[PDB]
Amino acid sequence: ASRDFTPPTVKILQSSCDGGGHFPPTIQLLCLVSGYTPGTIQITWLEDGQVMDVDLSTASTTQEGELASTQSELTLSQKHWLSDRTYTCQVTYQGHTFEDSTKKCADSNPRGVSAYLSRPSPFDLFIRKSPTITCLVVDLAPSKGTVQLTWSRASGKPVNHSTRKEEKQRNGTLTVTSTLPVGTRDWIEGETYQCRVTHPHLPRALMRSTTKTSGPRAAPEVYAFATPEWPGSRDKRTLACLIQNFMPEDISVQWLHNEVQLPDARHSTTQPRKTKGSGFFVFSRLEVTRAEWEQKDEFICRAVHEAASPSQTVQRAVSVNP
């Protein structure tokens, strides 16, 4: 009887706060797939879109009459819940996916507006040779008046045309991004750029400025390494790179493989920190697969930095096999 087919639905319940309104020390999320026509079912949990380890959750399926029911429970620390991460219950049933998401409920009062202004990245300055700076305005209330965002130079010389994006966010706020192309000689020779943000509902105008970092210079050292093969790493292995003793701290790190620049999401790179003596260091970690090194067994860690000579780059290769 195909007329009796009952598709699954998804809802998430959570641990309640106590009689004082306070979070418990751990949070349970309970994904409920109510009565559906019995069939093969799998539940995957996502943390900000990344698959979570199945070890962190349980799952149970019962059948009552002609209908099945499945629940999965995920447990989180209070610290992680307070970090405003979003969790997704992803249900796969007979080749069709359902899902639902949740995060900590929003606070009763809205946050004030904030603004951020970046310097150009070394990769854009020296590889692409098309540098830009970005002014980012967050926590705006939508459906108000549109926000004015104006660029100027301390020298009084003209700015180029910028591009502007406005995007409604899941939490109901608005973000505005403005990206300004800058002259390469202008930037290297110390020009100061300002982003000025105004709106009638703001208390005052917001102003941010940016300019090349002053002070001493020093070129980066680069070292690439591979972890050994062992029973836990037969068809994957971990590569690492240490980049150190450079100044100032602005740097771009990439990994290259078989004439491809790998996506930024493939690796994890730390924030620049001070060496005991002079300069900064960063570490980068890249997990690679057997199919990649069977394609070509050469992985390159590359740093882009203004003091690297002769062409603002330093790089080192590593191989995983003999």
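Each residue number is its position in the shown sequence, starting from 1.
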Of 84 to 92 and 130 to 138, the stretch whose C-alpha atoms average the higher B-factor in the entry: 84 to 92
Between 116 to 124 and 162 to 170, which has the larger average Cα B-factor in the PDB entry? 162 to 170
Which of these, 65, 272, 263, 279, has its C-alpha atom at the highest B-factor, as the entry lists it? 65
Going by the deposited entry, which of 212, 208, 217, 201 has the highest CA temperature factor? 201
Splitting the chain's C-alpha B-factors into thirds, which one does residue 312 fall into? lowest
For residue 54, does the deposited CA B-factor place it in the lowest, middle or highest third of the chain? highest
Temperature factor at the Cα of residue 235, chain-ranked in thirds, falls in the highest
Taking only the Cα B-factors deposited for this chain, tell me whether residue 189 sits in the lowest, middle or highest third. middle
By the record's CA B-factor, is residue 73 among the lowest, middle or highest third of residues in the chain? middle
